[PDB]
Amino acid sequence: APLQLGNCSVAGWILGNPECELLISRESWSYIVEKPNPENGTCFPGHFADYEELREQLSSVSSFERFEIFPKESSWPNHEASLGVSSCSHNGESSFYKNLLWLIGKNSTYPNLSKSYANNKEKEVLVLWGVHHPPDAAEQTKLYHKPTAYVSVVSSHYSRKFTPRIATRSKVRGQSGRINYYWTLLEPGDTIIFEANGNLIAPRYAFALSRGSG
């Protein structure tokens, strides 16, 4: 069947833009009908890696199951989460993507974190995350309590290291900083590992899925 995204882009839907949640749910579909110009997507500004590839790889899907890869209320004992940002508002209140978690310091510190997930499911798992690039050194210290930071993500088929680039960008949706979005398909039996000492927009919801109508 077809998957309808209403006023939303593939990015807004798959990241969980707060305005892209009333969507009629679907565990399978043959194509993605999306508007030539969706209004709701990356509510927090940034570059979305490999985006056309993701649209194509999600265009036809035989099984699609959301699951809490890193359970929000139980997986982050030493960090807090942002309560929300104005550019991602819902019902007149600051919010954020449903599928990511904006980790911030706790008790004036941001401890090193290391988090792994082994795909014991028997299908590919789509994992999505982001890296925050604050507009100035004062926001960097305010959230992450250190001037520089590292984010690392590694699987048997994905490996990349990220460094926040602190600089004032032109405002987009009122925001001078940026969040760049990344994703990978974790194969059955592989493990993905996240390591960071700051600037990680962590995965909260991931997706077990069967690409292909077959």
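Start at 1 and count along the sequence shown; that's the residue number.
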Residue range whose averaged C-alpha B-factor is higher in the record, 203 to 211 or 4 to 12: 4 to 12
69 to 77 or 109 to 117, whichever carries the higher mean Cα B-factor: 109 to 117
Identity of residue with top Cα B-factor, from 156, 30, 184, 176: 30
Maximum C-alpha temperature factor, selected from 61, 49, 43, 167: 61
Record-listed C-alpha B factor of residue 17: chain third: middle
Third of the chain's Cα B-factor distribution that residue 98 belongs to, per the entry: middle
Assigned third (lowest, middle, highest) for the C-alpha B factor of residue 160: lowest
Ranked against its chain, the third holding the CA B-factor of residue 37: highest
Among modelled residues of the same chain, the CA temperature factor third for residue 138: highest
